[PDB]
Every structure is written in C-alpha cells, then in structure tokens.
C-alpha cells in the first residue's frame, strides 16, 4: 500500500493540474490590458493636443476681432459704452493649465 499512496498522490497532482489550467483561462486576458491602457492614454492625449491647438487659435483670432471692434466703437464712447459691463469679459489663457494636465496623462501613463 505504498504503491497505493503513490497512486493517490498522482491523482491529486492530475486534478490540481486541471485547475491551474482553468485558472490560467480566466486570469488570461490581462497582460496587454496594461498595454491597452497605455494606448488609450496615448490616442486620448493626442486628440487633446489637437483641441488645445484649435482652442488657442480661436482665442487669439477672437481677441483680434475685439481689437478691431474697439477701434470702430471709439467714435461712440468705446465698447464698454455700447456693450455695458460685459465689455470687461475676456477669455483667459488656459494654455499652460491644459498643457500641464496633458503632460501628466502622458508621464503617468504613456511614458510608463
């Protein structure tokens, strides 16, 4: 019955060999799942840089249309005269702020 305990130890090993395989099946879809995370963060970071491009072009161009509008309304007391207090509203320069967040996403996910 030594040869018996050895046939049982062999059955165990056969069955816990089955599990190892099944397990590997579930925990299987997970390697590049990190590489897929590094790619989502890359394309995203790319579309965000095209918006910063466009967005800063609109800001400059529209601030230039106010420079012209300020000239034309001079002969009227100025823009603040024709527009009211809204003449004070101007678009901020979110370039650096937006830039720094786009750099974080990269450093944190794409360079890693």
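Positions refer to the first chain, counted from 1.
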- [ ] Report the stretch with the higher mean CA temperature factor, choosing between 65 to 73 and 46 to 54 on the basis of the entry.
- [x] 46 to 54
TODO: Look over 87 to 95 and 100 to 108 in the entry and identify the one with the greater average Cα temperature factor.
DONE: 100 to 108
Task: For residue 39, the third of its chain into which the C-alpha B factor falls - done: highest
- [ ] Give the position of residue 82 by CA B-factor within its chain, expressed as the lowest, middle or highest third.
- [x] lowest
Task: Third assignment of residue 10 from its chain's C-alpha B-factors - done: highest
